[PDB]
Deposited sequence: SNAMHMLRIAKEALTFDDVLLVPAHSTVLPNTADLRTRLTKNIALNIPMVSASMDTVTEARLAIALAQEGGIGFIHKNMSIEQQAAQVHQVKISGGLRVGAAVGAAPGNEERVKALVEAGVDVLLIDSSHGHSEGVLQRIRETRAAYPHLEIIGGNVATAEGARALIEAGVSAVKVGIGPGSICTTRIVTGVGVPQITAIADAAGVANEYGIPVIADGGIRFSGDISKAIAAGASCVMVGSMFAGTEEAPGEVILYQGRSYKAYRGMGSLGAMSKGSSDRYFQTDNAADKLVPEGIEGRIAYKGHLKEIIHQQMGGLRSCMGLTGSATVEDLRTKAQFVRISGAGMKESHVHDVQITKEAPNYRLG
C-alpha cells in the first residue's frame, strides 16, 4: 500500500472568492509583520541571492516598506559593509543571511556588530537537526535578536523551528523558479499547502510565516497571504529590476538580466524590469485590488478570513488571457 499523506495544492490550483466589501483598493492597509517583533509597511521581502539582493536593491526595497536580505556569497566585511551601508540610508531596516553550518560564527557576530535588524539562517532543509541546533545556539547568544529559520513546508517542521527560537518561519521547499530540488530529489510540497500547514502551527505561537518561492504573478501574492503567509519572499520579481545586481543583457531583440540558483538550481536569464519602485507599485496594486474584491481591509483580514475555491487546469486557462492575440502586453502581465 502506497503511503500517501494527503493531496497538496499550489497557486494555480486555487482562486480567491470575491465577497462583500467596504474597502477601496486605495484604502487597503498593507502593513504586516516580518517577525514577531518586526513590522513591514508592505508584505514583500527580497530573496538573499547574489543575483537578487545586495546593498543597492535592499535600499530601494526598504524605501518602499519591505526588507532586503544580503546574500552570503561574499566576504564577511563586504557583507557587513553593505548592511551598515543600508543602515545609514535614512534608518532603513535590513536582514542578512548566513549558512547553517559551523563557521558562520563570526559572520553573524560582525553582522550583529554591523547592526543587522534580522538574521536569516539559510538551509535547504529547515527541519534538519543540524539547522535546528544552529538556531538554538544563535538564539542564546543573542536572546532578543530577530532570527528567521528555514526552509520547511510542514507543520512539525514549522513547530520544530519555533521551539528552536525563531522569530519567523520561512516556508518553501522546491517552488523556486530557478529551483530543481523537487525534480532531482523527488521531495517537496506545493506551496499553497506548504504555507497553510505551517500557518496552522505558527498561529499558535503568534509567529509570522514567510512564503518563499513560486510567486509569478501579483495574484500569487494574495493567495500566499490568504494561505496564511504574513509576507512573501521573491526572486524572479526582483530579478530584472535596475537596482538588483548584474548588468542588462540585450539578447535576440530584448533586454535581460542574470538570475541564477544559489546541483539543485540553475543559471538563467530574466526580463529586465526597469526600476524596482514601479514593480512594487504594479505588484502591490494587484493585492490592493484583491483586498478590495474580498472585503479585506487589512492583511490580517486577507490572511485569516479570505476564502478559496479549487479550480481545474481548464479554470486556470480561463483565468489567463485566452482566445485572442495580445497586441499590447501590460507591464504587470509580463
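Numbering the deposited sequence from 1, one finds several regions with no C-alpha coordinates, namely 1-5, 268-292, 365-366.
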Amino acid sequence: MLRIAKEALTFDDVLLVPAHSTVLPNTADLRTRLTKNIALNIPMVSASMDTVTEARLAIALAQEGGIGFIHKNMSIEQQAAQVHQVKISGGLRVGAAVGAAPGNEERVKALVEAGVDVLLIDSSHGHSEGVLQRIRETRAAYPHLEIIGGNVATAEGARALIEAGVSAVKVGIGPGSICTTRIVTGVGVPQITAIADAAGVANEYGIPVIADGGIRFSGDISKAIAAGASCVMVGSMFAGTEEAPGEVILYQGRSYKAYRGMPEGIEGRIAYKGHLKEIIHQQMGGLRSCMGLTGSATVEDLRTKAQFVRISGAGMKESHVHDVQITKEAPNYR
From here on, numbers count along this sequence of modelled residues.
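Between two forms, the rigid core is the largest collection of C-alphas that superpose within 1.5 Å.
Where the structures in 4 other deposited structures of this protein are fitted on the rigid core, 174-182 is the one of 174-182 and 71-79 whose C-alphas sit farther from the shown form on average. The rigid core fit leaves 236-244 as the farther-lying stretch in 4 other deposited structures of this protein, judged by Cα positions and set against 203-211 and 236-244. Residue-level annotation: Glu264 lacks coordinates in a third or more of the other entries compared, counting only those that model residues on either side of it. Judged by mean Cα B factor in the deposited record, 18-26 ranks above the other of 18-26 and 314-322. Per-stretch averaging of Cα B factors for 303-311 and 31-39 places 31-39 on top. Listed residues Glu77, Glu156, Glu242, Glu146 were ranked by CA B-factor as deposited; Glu77 comes out on top.
Comparing C-alpha B-factors across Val86, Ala229, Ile249, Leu120 in the deposited entry, the largest value falls on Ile249. When all modelled residues of the chain are sorted by CA temperature factor, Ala58 is found within the lowest third. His127 sits in the middle third of its chain by CA B factor, as recorded in the PDB entry. Per the PDB record, residue ranking by Cα B-factor puts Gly268 in the lowest third of the chain. When the modelled residues of the chain are ordered by C-alpha B-factor, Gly165 sits in the middle third. Sort the chain's modelled residues by C-alpha temperature factor and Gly95 lands in the lowest third, per the entry.
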